[PDB]
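J.: Input structure: model-v5.pdb, which contains PDB, C-alpha atoms.
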ATOM      1  CA  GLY A   1      21.144  48.001   5.333  1.00  0.00           C
ATOM      2  CA  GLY A   2      21.351  49.312   1.768  1.00  0.00           C
ATOM      3  CA  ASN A   3      19.323  48.008  -1.171  1.00  0.00           C
ATOM      4  CA  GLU A   4      19.491  44.199  -1.108  1.00  0.00           C
ATOM      5  CA  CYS A   5      15.705  43.754  -1.404  1.00  0.00           C
ATOM      6  CA  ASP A   6      15.307  40.788  -3.763  1.00  0.00           C
ATOM      7  CA  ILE A   7      11.881  40.487  -5.401  1.00  0.00           C
ATOM      8  CA  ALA A   8      11.881  36.686  -4.999  1.00  0.00           C
ATOM      9  CA  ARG A   9      13.123  36.812  -1.394  1.00  0.00           C
ATOM     10  CA  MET A  10      11.557  37.350   2.054  1.00  0.00           C
ATOM     11  CA  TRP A  11      10.726  41.065   1.843  1.00  0.00           C
ATOM     12  CA  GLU A  12      11.445  42.135   5.442  1.00  0.00           C
ATOM     13  CA  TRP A  13       9.985  45.330   6.989  1.00  0.00           C
ATOM     14  CA  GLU A  14      12.437  47.773   5.318  1.00  0.00           C
ATOM     15  CA  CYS A  15      11.671  46.293   1.880  1.00  0.00           C
ATOM     16  CA  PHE A  16       7.919  46.551   2.538  1.00  0.00           C
ATOM     17  CA  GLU A  17       8.231  50.226   3.471  1.00  0.00           C
ATOM     18  CA  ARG A  18       9.991  50.946   0.169  1.00  0.00           C
ATOM     19  CA  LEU A  19       8.243  48.659  -2.322  1.00  0.00           C
TER      20      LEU A  19
ATOM     21  CA  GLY B   1     -18.602  -6.961  13.858  1.00  0.00           C
ATOM     22  CA  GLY B   2     -21.637  -6.994  11.585  1.00  0.00           C
ATOM     23  CA  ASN B   3     -22.356  -4.718   8.631  1.00  0.00           C
ATOM     24  CA  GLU B   4     -22.016  -1.116   9.830  1.00  0.00           C
ATOM     25  CA  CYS B   5     -19.647  -0.087   7.016  1.00  0.00           C
ATOM     26  CA  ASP B   6     -20.829   3.447   6.205  1.00  0.00           C
ATOM     27  CA  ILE B   7     -19.681   4.698   2.784  1.00  0.00           C
ATOM     28  CA  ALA B   8     -18.901   8.176   4.168  1.00  0.00           C
ATOM     29  CA  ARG B   9     -17.185   6.771   7.274  1.00  0.00           C
ATOM     30  CA  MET B  10     -13.611   5.637   8.070  1.00  0.00           C
ATOM     31  CA  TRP B  11     -13.626   2.260   6.291  1.00  0.00           C
ATOM     32  CA  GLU B  12     -11.594   0.142   8.733  1.00  0.00           C
ATOM     33  CA  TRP B  13      -9.847  -3.109   7.689  1.00  0.00           C
ATOM     34  CA  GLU B  14     -12.999  -5.310   7.741  1.00  0.00           C
ATOM     35  CA  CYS B  15     -14.795  -2.766   5.530  1.00  0.00           C
ATOM     36  CA  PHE B  16     -11.877  -2.732   3.068  1.00  0.00           C
ATOM     37  CA  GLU B  17     -11.860  -6.530   2.797  1.00  0.00           C
ATOM     38  CA  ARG B  18     -15.563  -6.617   1.884  1.00  0.00           C
ATOM     39  CA  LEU B  19     -15.904  -3.492  -0.272  1.00  0.00           C
TER      40      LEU B  19
ATOM     41  CA  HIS C  11      13.759   9.495  -0.778  1.00  0.00           C
ATOM     42  CA  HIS C  12      12.347   7.976   2.402  1.00  0.00           C
ATOM     43  CA  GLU C  13      10.650   4.614   1.587  1.00  0.00           C
ATOM     44  CA  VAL C  14       7.296   2.871   1.028  1.00  0.00           C
ATOM     45  CA  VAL C  15       4.707   4.610   3.228  1.00  0.00           C
ATOM     46  CA  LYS C  16       2.301   2.540   5.335  1.00  0.00           C
ATOM     47  CA  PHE C  17      -1.123   1.915   3.736  1.00  0.00           C
ATOM     48  CA  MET C  18      -3.125   2.720   6.904  1.00  0.00           C
ATOM     49  CA  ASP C  19      -1.258   6.065   7.037  1.00  0.00           C
ATOM     50  CA  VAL C  20      -1.940   7.075   3.419  1.00  0.00           C
ATOM     51  CA  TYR C  21      -5.696   6.671   3.892  1.00  0.00           C
ATOM     52  CA  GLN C  22      -5.949   8.165   7.394  1.00  0.00           C
ATOM     53  CA  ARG C  23      -3.981  11.244   6.295  1.00  0.00           C
ATOM     54  CA  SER C  24      -5.540  11.563   2.805  1.00  0.00           C
ATOM     55  CA  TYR C  25      -9.216  11.047   3.803  1.00  0.00           C
ATOM     56  CA  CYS C  26     -11.403  14.204   3.419  1.00  0.00           C
ATOM     57  CA  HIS C  27     -10.514  16.303   6.494  1.00  0.00           C
ATOM     58  CA  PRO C  28      -9.541  19.925   7.451  1.00  0.00           C
ATOM     59  CA  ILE C  29      -5.971  20.649   6.314  1.00  0.00           C
ATOM     60  CA  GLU C  30      -3.848  23.808   6.031  1.00  0.00           C
ATOM     61  CA  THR C  31      -4.550  25.403   2.641  1.00  0.00           C
ATOM     62  CA  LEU C  32      -3.568  28.786   1.197  1.00  0.00           C
ATOM     63  CA  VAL C  33      -6.372  30.745  -0.502  1.00  0.00           C
ATOM     64  CA  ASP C  34      -5.927  33.559  -3.040  1.00  0.00           C
ATOM     65  CA  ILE C  35      -7.507  36.883  -2.055  1.00  0.00           C
ATOM     66  CA  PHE C  36      -8.313  37.727  -5.678  1.00  0.00           C
ATOM     67  CA  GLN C  37     -10.236  34.411  -5.859  1.00  0.00           C
ATOM     68  CA  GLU C  38     -12.489  35.285  -2.904  1.00  0.00           C
ATOM     69  CA  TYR C  39     -12.757  39.050  -3.446  1.00  0.00           C
ATOM     70  CA  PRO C  40     -13.286  39.587  -7.241  1.00  0.00           C
ATOM     71  CA  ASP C  41     -14.267  43.271  -6.748  1.00  0.00           C
ATOM     72  CA  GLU C  42     -10.945  44.430  -5.259  1.00  0.00           C
ATOM     73  CA  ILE C  43      -8.689  44.738  -8.329  1.00  0.00           C
ATOM     74  CA  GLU C  44      -7.429  48.337  -8.101  1.00  0.00           C
ATOM     75  CA  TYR C  45      -5.802  47.696  -4.675  1.00  0.00           C
ATOM     76  CA  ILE C  46      -2.941  45.184  -4.756  1.00  0.00           C
ATOM     77  CA  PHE C  47      -2.829  43.141  -1.543  1.00  0.00           C
ATOM     78  CA  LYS C  48       0.362  42.220   0.327  1.00  0.00           C
ATOM     79  CA  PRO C  49       0.388  39.262   0.766  1.00  0.00           C
ATOM     80  CA  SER C  50      -1.932  38.397  -2.122  1.00  0.00           C
ATOM     81  CA  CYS C  51      -2.970  35.112  -0.401  1.00  0.00           C
ATOM     82  CA  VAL C  52      -3.905  33.936   3.110  1.00  0.00           C
ATOM     83  CA  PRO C  53      -3.637  30.578   5.014  1.00  0.00           C
ATOM     84  CA  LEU C  54      -7.049  29.071   5.810  1.00  0.00           C
ATOM     85  CA  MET C  55      -8.144  25.691   7.173  1.00  0.00           C
ATOM     86  CA  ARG C  56     -10.068  24.036   4.324  1.00  0.00           C
ATOM     87  CA  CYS C  57     -11.031  20.469   3.398  1.00  0.00           C
ATOM     88  CA  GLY C  58      -8.782  18.624   0.946  1.00  0.00           C
ATOM     89  CA  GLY C  59      -8.061  15.130  -0.364  1.00  0.00           C
ATOM     90  CA  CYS C  60     -10.503  12.532  -1.678  1.00  0.00           C
ATOM     91  CA  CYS C  61     -13.538  10.450  -0.661  1.00  0.00           C
ATOM     92  CA  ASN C  62     -14.099   6.728  -0.066  1.00  0.00           C
ATOM     93  CA  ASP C  63     -15.944   6.233  -3.373  1.00  0.00           C
ATOM     94  CA  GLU C  64     -15.815   7.768  -6.858  1.00  0.00           C
ATOM     95  CA  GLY C  65     -19.443   8.882  -6.620  1.00  0.00           C
ATOM     96  CA  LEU C  66     -18.737  11.011  -3.508  1.00  0.00           C
ATOM     97  CA  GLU C  67     -17.286  14.497  -3.046  1.00  0.00           C
ATOM     98  CA  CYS C  68     -15.175  16.112  -0.319  1.00  0.00           C
ATOM     99  CA  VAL C  69     -17.158  19.154   0.858  1.00  0.00           C
ATOM    100  CA  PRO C  70     -17.507  21.155   4.150  1.00  0.00           C
ATOM    101  CA  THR C  71     -20.447  20.844   6.560  1.00  0.00           C
ATOM    102  CA  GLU C  72     -19.702  23.798   8.879  1.00  0.00           C
ATOM    103  CA  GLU C  73     -18.020  27.199   8.407  1.00  0.00           C
ATOM    104  CA  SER C  74     -16.535  30.242  10.175  1.00  0.00           C
ATOM    105  CA  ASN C  75     -14.838  33.630   9.662  1.00  0.00           C
ATOM    106  CA  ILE C  76     -11.263  34.742  10.379  1.00  0.00           C
ATOM    107  CA  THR C  77      -9.923  38.318  10.464  1.00  0.00           C
ATOM    108  CA  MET C  78      -6.455  39.035   9.050  1.00  0.00           C
ATOM    109  CA  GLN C  79      -4.118  41.987   8.482  1.00  0.00           C
ATOM    110  CA  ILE C  80      -3.597  42.925   4.817  1.00  0.00           C
ATOM    111  CA  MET C  81      -1.596  45.774   3.275  1.00  0.00           C
ATOM    112  CA  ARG C  82      -3.506  47.389   0.397  1.00  0.00           C
ATOM    113  CA  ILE C  83      -1.221  49.200  -2.068  1.00  0.00           C
ATOM    114  CA  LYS C  84      -2.273  51.290  -5.095  1.00  0.00           C
ATOM    115  CA  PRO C  85      -0.029  52.346  -8.079  1.00  0.00           C
ATOM    116  CA  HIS C  86       1.190  55.979  -7.957  1.00  0.00           C
ATOM    117  CA  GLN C  87      -0.575  56.410  -4.558  1.00  0.00           C
ATOM    118  CA  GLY C  88       0.350  55.009  -1.054  1.00  0.00           C
ATOM    119  CA  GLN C  89      -0.015  51.975   1.228  1.00  0.00           C
ATOM    120  CA  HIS C  90      -2.245  51.027   4.182  1.00  0.00           C
ATOM    121  CA  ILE C  91      -3.069  48.188   6.592  1.00  0.00           C
ATOM    122  CA  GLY C  92      -6.651  46.914   6.726  1.00  0.00           C
ATOM    123  CA  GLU C  93      -8.698  44.197   8.415  1.00  0.00           C
ATOM    124  CA  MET C  94     -10.062  41.453   6.146  1.00  0.00           C
ATOM    125  CA  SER C  95     -12.263  38.542   7.225  1.00  0.00           C
ATOM    126  CA  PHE C  96     -12.194  35.252   5.289  1.00  0.00           C
ATOM    127  CA  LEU C  97     -14.386  32.142   5.470  1.00  0.00           C
ATOM    128  CA  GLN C  98     -12.906  28.796   6.585  1.00  0.00           C
ATOM    129  CA  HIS C  99     -14.120  25.199   6.920  1.00  0.00           C
ATOM    130  CA  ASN C 100     -14.643  23.813  10.427  1.00  0.00           C
ATOM    131  CA  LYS C 101     -16.118  20.402   9.592  1.00  0.00           C
ATOM    132  CA  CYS C 102     -15.689  18.166   6.525  1.00  0.00           C
ATOM    133  CA  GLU C 103     -17.682  15.197   5.190  1.00  0.00           C
ATOM    134  CA  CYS C 104     -18.215  13.109   2.033  1.00  0.00           C
ATOM    135  CA  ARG C 105     -21.524  13.065   0.139  1.00  0.00           C
ATOM    136  CA  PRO C 106     -22.805  11.801  -3.291  1.00  0.00           C
ATOM    137  CA  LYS C 107     -22.045  14.118  -6.215  1.00  0.00           C
ATOM    138  CA  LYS C 108     -24.825  16.221  -7.760  1.00  0.00           C
ATOM    139  CA  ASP C 109     -23.669  18.189 -10.816  1.00  0.00           C
TER     140      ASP C 109
ATOM    141  CA  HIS D  11     -13.098  33.213  15.379  1.00  0.00           C
ATOM    142  CA  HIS D  12      -9.452  33.589  16.461  1.00  0.00           C
ATOM    143  CA  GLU D  13      -9.364  37.415  16.273  1.00  0.00           C
ATOM    144  CA  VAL D  14      -7.161  39.451  13.901  1.00  0.00           C
ATOM    145  CA  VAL D  15      -4.007  37.596  12.825  1.00  0.00           C
ATOM    146  CA  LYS D  16      -0.572  39.243  12.928  1.00  0.00           C
ATOM    147  CA  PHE D  17       0.602  40.753   9.611  1.00  0.00           C
ATOM    148  CA  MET D  18       4.162  39.347   9.796  1.00  0.00           C
ATOM    149  CA  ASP D  19       2.636  35.889  10.366  1.00  0.00           C
ATOM    150  CA  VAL D  20       0.274  35.994   7.368  1.00  0.00           C
ATOM    151  CA  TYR D  21       3.170  36.714   5.001  1.00  0.00           C
ATOM    152  CA  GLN D  22       5.610  34.219   6.538  1.00  0.00           C
ATOM    153  CA  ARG D  23       3.040  31.403   6.450  1.00  0.00           C
ATOM    154  CA  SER D  24       1.608  32.374   3.024  1.00  0.00           C
ATOM    155  CA  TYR D  25       4.884  33.044   1.138  1.00  0.00           C
ATOM    156  CA  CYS D  26       5.671  30.426  -1.599  1.00  0.00           C
ATOM    157  CA  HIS D  27       7.064  27.450   0.361  1.00  0.00           C
ATOM    158  CA  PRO D  28       6.651  23.612   0.648  1.00  0.00           C
ATOM    159  CA  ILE D  29       3.357  22.773   2.379  1.00  0.00           C
ATOM    160  CA  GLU D  30       1.348  19.565   2.892  1.00  0.00           C
ATOM    161  CA  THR D  31      -0.939  19.080  -0.119  1.00  0.00           C
ATOM    162  CA  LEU D  32      -3.060  16.130  -1.256  1.00  0.00           C
ATOM    163  CA  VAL D  33      -2.722  15.139  -4.932  1.00  0.00           C
ATOM    164  CA  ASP D  34      -5.216  13.101  -6.967  1.00  0.00           C
ATOM    165  CA  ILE D  35      -3.866   9.865  -8.465  1.00  0.00           C
ATOM    166  CA  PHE D  36      -6.109  10.193 -11.520  1.00  0.00           C
ATOM    167  CA  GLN D  37      -4.537  13.635 -12.135  1.00  0.00           C
ATOM    168  CA  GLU D  38      -0.974  12.264 -12.202  1.00  0.00           C
ATOM    169  CA  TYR D  39      -1.652   8.847 -13.760  1.00  0.00           C
ATOM    170  CA  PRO D  40      -4.060   9.424 -16.732  1.00  0.00           C
ATOM    171  CA  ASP D  41      -3.421   5.886 -18.088  1.00  0.00           C
ATOM    172  CA  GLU D  42      -5.067   4.147 -15.095  1.00  0.00           C
ATOM    173  CA  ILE D  43      -8.872   4.310 -15.307  1.00  0.00           C
ATOM    174  CA  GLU D  44      -9.910   0.638 -15.252  1.00  0.00           C
ATOM    175  CA  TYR D  45      -8.358   0.076 -11.777  1.00  0.00           C
ATOM    176  CA  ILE D  46     -10.065   2.005  -8.948  1.00  0.00           C
ATOM    177  CA  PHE D  47      -7.442   3.207  -6.450  1.00  0.00           C
ATOM    178  CA  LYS D  48      -7.993   3.087  -2.679  1.00  0.00           C
ATOM    179  CA  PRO D  49      -7.301   5.772  -1.561  1.00  0.00           C
ATOM    180  CA  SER D  50      -7.798   7.732  -4.784  1.00  0.00           C
ATOM    181  CA  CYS D  51      -5.433  10.496  -3.524  1.00  0.00           C
ATOM    182  CA  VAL D  52      -2.050  10.739  -1.773  1.00  0.00           C
ATOM    183  CA  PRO D  53      -0.403  13.383   0.523  1.00  0.00           C
ATOM    184  CA  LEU D  54       2.624  15.043  -1.092  1.00  0.00           C
ATOM    185  CA  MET D  55       4.784  18.016  -0.109  1.00  0.00           C
ATOM    186  CA  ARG D  56       4.178  20.638  -2.814  1.00  0.00           C
ATOM    187  CA  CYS D  57       4.590  24.417  -3.075  1.00  0.00           C
ATOM    188  CA  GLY D  58       1.521  26.558  -2.412  1.00  0.00           C
ATOM    189  CA  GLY D  59       0.511  30.154  -1.706  1.00  0.00           C
ATOM    190  CA  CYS D  60       1.522  33.276  -3.625  1.00  0.00           C
ATOM    191  CA  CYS D  61       4.558  35.338  -4.667  1.00  0.00           C
ATOM    192  CA  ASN D  62       5.816  38.790  -3.647  1.00  0.00           C
ATOM    193  CA  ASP D  63       4.698  40.436  -6.908  1.00  0.00           C
ATOM    194  CA  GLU D  64       1.858  39.963  -9.397  1.00  0.00           C
ATOM    195  CA  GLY D  65       4.298  39.296 -12.237  1.00  0.00           C
ATOM    196  CA  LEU D  66       5.845  36.304 -10.401  1.00  0.00           C
ATOM    197  CA  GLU D  67       4.770  32.673 -10.022  1.00  0.00           C
ATOM    198  CA  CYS D  68       5.194  30.117  -7.233  1.00  0.00           C
ATOM    199  CA  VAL D  69       6.964  27.130  -8.812  1.00  0.00           C
ATOM    200  CA  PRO D  70       9.357  24.343  -7.608  1.00  0.00           C
ATOM    201  CA  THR D  71      13.124  24.351  -8.202  1.00  0.00           C
ATOM    202  CA  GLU D  72      13.961  20.793  -7.073  1.00  0.00           C
ATOM    203  CA  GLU D  73      12.049  17.480  -7.066  1.00  0.00           C
ATOM    204  CA  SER D  74      11.980  13.916  -5.709  1.00  0.00           C
ATOM    205  CA  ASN D  75      10.051  10.615  -5.707  1.00  0.00           C
ATOM    206  CA  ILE D  76       8.067   8.922  -2.929  1.00  0.00           C
ATOM    207  CA  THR D  77       6.768   5.330  -2.913  1.00  0.00           C
ATOM    208  CA  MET D  78       3.335   4.580  -1.427  1.00  0.00           C
ATOM    209  CA  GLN D  79       0.989   1.631  -0.884  1.00  0.00           C
ATOM    210  CA  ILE D  80      -2.161   1.686  -3.041  1.00  0.00           C
ATOM    211  CA  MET D  81      -4.967  -0.877  -3.267  1.00  0.00           C
ATOM    212  CA  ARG D  82      -6.014  -1.300  -6.907  1.00  0.00           C
ATOM    213  CA  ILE D  83      -9.535  -2.665  -7.416  1.00  0.00           C
ATOM    214  CA  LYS D  84     -11.557  -3.672 -10.498  1.00  0.00           C
ATOM    215  CA  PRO D  85     -15.368  -4.144 -11.012  1.00  0.00           C
ATOM    216  CA  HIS D  86     -16.501  -7.804 -11.113  1.00  0.00           C
ATOM    217  CA  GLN D  87     -12.880  -8.909 -10.397  1.00  0.00           C
ATOM    218  CA  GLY D  88     -10.764  -8.595  -7.148  1.00  0.00           C
ATOM    219  CA  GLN D  89      -8.369  -6.339  -5.225  1.00  0.00           C
ATOM    220  CA  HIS D  90      -4.605  -6.022  -4.689  1.00  0.00           C
ATOM    221  CA  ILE D  91      -1.912  -3.897  -3.011  1.00  0.00           C
ATOM    222  CA  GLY D  92       0.740  -2.283  -5.215  1.00  0.00           C
ATOM    223  CA  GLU D  93       3.686   0.099  -4.937  1.00  0.00           C
ATOM    224  CA  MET D  94       3.292   3.526  -6.564  1.00  0.00           C
ATOM    225  CA  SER D  95       5.902   6.295  -6.641  1.00  0.00           C
ATOM    226  CA  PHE D  96       4.857   9.949  -6.942  1.00  0.00           C
ATOM    227  CA  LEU D  97       6.838  13.141  -7.555  1.00  0.00           C
ATOM    228  CA  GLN D  98       7.098  15.811  -4.831  1.00  0.00           C
ATOM    229  CA  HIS D  99       8.630  19.289  -4.517  1.00  0.00           C
ATOM    230  CA  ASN D 100      11.764  19.671  -2.390  1.00  0.00           C
ATOM    231  CA  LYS D 101      12.528  23.357  -2.991  1.00  0.00           C
ATOM    232  CA  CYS D 102      10.293  26.293  -3.970  1.00  0.00           C
ATOM    233  CA  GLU D 103      11.024  29.722  -5.491  1.00  0.00           C
ATOM    234  CA  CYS D 104       9.319  32.660  -7.222  1.00  0.00           C
ATOM    235  CA  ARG D 105      10.110  33.667 -10.813  1.00  0.00           C
ATOM    236  CA  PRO D 106       8.612  36.020 -13.503  1.00  0.00           C
ATOM    237  CA  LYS D 107       5.637  34.566 -15.382  1.00  0.00           C
ATOM    238  CA  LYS D 108       6.164  33.261 -18.930  1.00  0.00           C
ATOM    239  CA  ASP D 109       2.898  32.115 -20.527  1.00  0.00           C
TER     240      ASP D 109
END
Show this structure as structure tokens.
T.:
Amino acid sequence: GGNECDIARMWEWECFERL
Amino acid sequence: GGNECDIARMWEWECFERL
Amino acid sequence: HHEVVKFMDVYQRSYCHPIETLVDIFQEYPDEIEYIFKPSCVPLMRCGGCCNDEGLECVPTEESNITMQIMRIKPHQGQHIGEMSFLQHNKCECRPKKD
Amino acid sequence: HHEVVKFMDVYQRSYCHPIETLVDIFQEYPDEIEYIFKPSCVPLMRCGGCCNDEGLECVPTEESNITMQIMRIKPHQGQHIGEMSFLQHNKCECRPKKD
């Protein structure tokens, strides 16, 4: 929903789009 | 019930006893 | 902890057979270094464990290919999805060591 | 061949997590060479696969012990069943590489 994309966590779709 | 203990085969109980 | 496992189970489940094993892409494809893969590894059915004797070796007898979806990403550039085929082990068997 | 695998599945199944892996007894117990073990390997739940980034490393965070039945043998002597406990991985996690 914001920017909670942890490097050592399951990178969902949104995190993959903005790696 | 004889001597069919193949080295590369599942060594059953009898084969383990007489290794 | 669970408890002492049954002997017949340790051998039947440890004996050289096809088991789920993850393989590194960089280990199979040594030419693709400029394009980082996501994920960098893929699950393939390979042979693992040990043999009946010390002079044997757990190796495959048959093989096959499997296509997978991989996202190739390059620094300062973009991203893309591609099809990559990897080799797996269908059959396993023990044989005397050579080298 | 089983056709092209789904992307979301390759990552979920490949991501650093506890998977069934066979470990060699001789690799864990280096002080036991005179007694041939049957089987020479044992199935243990360890972490395998790859991390999200290249600068990370798939390592365990928690551990545990598991007892198993092993038949120790010796040349020109006899055989015997003994209890052997091995260490397994309970939890897995990715962290930046050190060395």
J.: Counting only C-alpha atoms, collect the residues of chain D whose closest atom lies at most 8 Å from chain C, and write them out as a PyMOL selection string.
T.: chain D and resi 11-17+20-21+23-25+30-34+48-53+58-62+74-80+93
J.: Contacts of residue 66 (chain C) at 10 Å or less, counting all atoms listed in the file, minus same-chain residues fewer than 4 places along, as a ChimeraX atom specification?
T.: /B:7-8 /C:60-62,103-108
J.: Take the ChimeraX specification (/D :<12) & /A, apply it to the structure above, and return the hits as an mmCIF file with C-alpha atoms, in the coordinates of the input.
T.:
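The result, stored in part.cif:
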data_model
loop_
_atom_site.group_PDB
_atom_site.id
_atom_site.type_symbol
_atom_site.label_atom_id
_atom_site.label_comp_id
_atom_site.auth_asym_id
_atom_site.auth_seq_id
_atom_site.Cartn_x
_atom_site.Cartn_y
_atom_site.Cartn_z
ATOM 1 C CA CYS A 5 15.705 43.754 -1.404
ATOM 2 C CA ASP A 6 15.307 40.788 -3.763
ATOM 3 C CA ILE A 7 11.881 40.487 -5.401
ATOM 4 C CA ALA A 8 11.881 36.686 -4.999
ATOM 5 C CA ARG A 9 13.123 36.812 -1.394
ATOM 6 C CA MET A 10 11.557 37.350 2.054
ATOM 7 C CA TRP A 11 10.726 41.065 1.843
ATOM 8 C CA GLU A 12 11.445 42.135 5.442
ATOM 9 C CA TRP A 13 9.985 45.330 6.989
ATOM 10 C CA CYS A 15 11.671 46.293 1.880
ATOM 11 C CA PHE A 16 7.919 46.551 2.538
ATOM 12 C CA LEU A 19 8.243 48.659 -2.322
#
J.: Using CA of residue 36 (chain D) and CA of residue 96 (chain D) as the two end points, give the distance in Å to one decimal.
T.: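 These atoms are spaced 11.9 Å apart.
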J.: For CA of residue 84 (chain C) and CA of residue 27 (chain D), determine how far apart the two atoms are, in Å to one decimal place.
T.: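 Value for the CA of residue 84 (chain C)-CA of residue 27 (chain D) distance: 26.2 Å.
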J.: Which of these, D:102, D:55, D:42, D:65, has the shortest distance to residue 82 (chain D) once you count all atoms listed in the file?
T.: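 Using all atoms listed in the file, the shortest distance to residue 82 (chain D) belongs to D:42.
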J.: Rounded to one decimal, what separation in Å do you get between CA of residue 14 (chain B) and CA of residue 87 (chain D)?
T.: 18.5 Å
J.: With all Cα atoms paired residue by residue, do a least-squares superposition of chain C on chain D and hand back the transformed coordinates as a compact mmCIF listing (two decimals) with C-alpha atoms, in the coordinates of the input.
T.:
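Once written, selection24.txt looks like this:
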# COMPACT_ATOMS: atom_id res chain seq x y z
CA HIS C 11 -13.55 32.90 15.62
CA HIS C 12 -10.07 33.63 16.97
CA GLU C 13 -9.11 37.27 16.15
CA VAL C 14 -7.07 39.51 13.82
CA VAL C 15 -3.95 37.56 12.79
CA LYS C 16 -0.53 39.24 12.89
CA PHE C 17 0.65 40.72 9.56
CA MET C 18 4.21 39.31 9.82
CA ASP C 19 2.63 35.86 10.34
CA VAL C 20 0.29 36.00 7.33
CA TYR C 21 3.19 36.72 4.97
CA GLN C 22 5.74 34.35 6.52
CA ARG C 23 3.23 31.48 6.44
CA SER C 24 1.66 32.35 3.05
CA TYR C 25 4.90 33.02 1.10
CA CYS C 26 5.67 30.40 -1.63
CA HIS C 27 7.07 27.43 0.34
CA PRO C 28 6.66 23.59 0.64
CA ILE C 29 3.35 22.77 2.36
CA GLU C 30 1.33 19.58 2.87
CA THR C 31 -0.91 19.10 -0.18
CA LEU C 32 -3.06 16.16 -1.29
CA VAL C 33 -2.69 15.13 -4.95
CA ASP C 34 -5.22 13.10 -6.97
CA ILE C 35 -3.87 9.86 -8.45
CA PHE C 36 -6.11 10.17 -11.52
CA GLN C 37 -4.54 13.62 -12.12
CA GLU C 38 -0.98 12.25 -12.20
CA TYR C 39 -1.68 8.85 -13.78
CA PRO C 40 -4.19 9.47 -16.66
CA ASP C 41 -3.65 5.95 -18.11
CA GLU C 42 -4.92 4.01 -15.06
CA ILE C 43 -8.71 4.29 -15.38
CA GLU C 44 -9.85 0.65 -15.32
CA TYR C 45 -8.33 0.09 -11.83
CA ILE C 46 -9.97 2.15 -9.07
CA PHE C 47 -7.41 3.18 -6.44
CA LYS C 48 -8.04 3.13 -2.68
CA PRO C 49 -7.35 5.82 -1.57
CA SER C 50 -7.82 7.74 -4.81
CA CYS C 51 -5.44 10.51 -3.60
CA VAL C 52 -2.09 10.77 -1.80
CA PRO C 53 -0.43 13.40 0.51
CA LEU C 54 2.62 15.04 -1.09
CA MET C 55 4.78 18.01 -0.11
CA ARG C 56 4.18 20.62 -2.83
CA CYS C 57 4.60 24.40 -3.11
CA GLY C 58 1.54 26.56 -2.45
CA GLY C 59 0.54 30.16 -1.76
CA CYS C 60 1.54 33.31 -3.64
CA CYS C 61 4.57 35.38 -4.67
CA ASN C 62 5.86 38.83 -3.68
CA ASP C 63 4.72 40.46 -6.94
CA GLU C 64 1.87 39.96 -9.42
CA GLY C 65 4.32 39.29 -12.25
CA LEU C 66 5.86 36.30 -10.41
CA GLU C 67 4.79 32.67 -10.03
CA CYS C 68 5.18 30.11 -7.24
CA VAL C 69 6.97 27.13 -8.82
CA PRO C 70 9.37 24.35 -7.61
CA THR C 71 13.14 24.34 -8.20
CA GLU C 72 13.97 20.78 -7.04
CA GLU C 73 12.06 17.47 -7.04
CA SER C 74 11.98 13.89 -5.71
CA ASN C 75 10.04 10.59 -5.72
CA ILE C 76 8.05 8.89 -2.95
CA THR C 77 6.76 5.29 -2.91
CA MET C 78 3.32 4.57 -1.43
CA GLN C 79 0.97 1.63 -0.88
CA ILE C 80 -2.20 1.70 -3.02
CA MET C 81 -5.03 -0.84 -3.29
CA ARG C 82 -6.08 -1.33 -6.92
CA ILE C 83 -9.65 -2.65 -7.27
CA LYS C 84 -11.45 -3.65 -10.49
CA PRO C 85 -15.27 -4.11 -10.97
CA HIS C 86 -16.46 -7.75 -11.01
CA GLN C 87 -12.84 -8.89 -10.34
CA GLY C 88 -10.70 -8.66 -7.10
CA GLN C 89 -8.38 -6.36 -5.12
CA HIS C 90 -4.61 -6.01 -4.68
CA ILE C 91 -1.92 -3.88 -3.00
CA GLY C 92 0.72 -2.25 -5.20
CA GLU C 93 3.68 0.12 -4.91
CA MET C 94 3.27 3.54 -6.55
CA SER C 95 5.90 6.28 -6.69
CA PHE C 96 4.86 9.94 -6.92
CA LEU C 97 6.85 13.13 -7.56
CA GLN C 98 7.12 15.81 -4.85
CA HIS C 99 8.63 19.30 -4.53
CA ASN C 100 11.74 19.70 -2.37
CA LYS C 101 12.55 23.36 -3.02
CA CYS C 102 10.29 26.30 -3.97
CA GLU C 103 11.02 29.75 -5.43
CA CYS C 104 9.32 32.69 -7.19
CA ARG C 105 10.13 33.67 -10.78
CA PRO C 106 8.62 36.00 -13.49
CA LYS C 107 5.67 34.52 -15.38
CA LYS C 108 6.11 33.30 -18.96
CA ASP C 109 2.84 32.14 -20.55
J.: Neighbouring residues of residue 73 (chain D) were defined as those with any atom within 8 Å, considering all atoms listed in the file; residues of the same chain fewer than 3 positions away were excluded. Please report them as a list in words.
T.: residues 70, 97, 98, 99, 100 and 101 of chain D
J.: Take every atom of region 45-56 of chain C listed in the file, fit an axis-aligned box around them, add 6 Å per side, and give the centre and edge lengths in Å to one decimal as JSON.
T.:
{"center_x": -4.8, "center_y": 35.9, "center_z": 1.2, "size_x": 22.5, "size_y": 35.7, "size_z": 23.9}
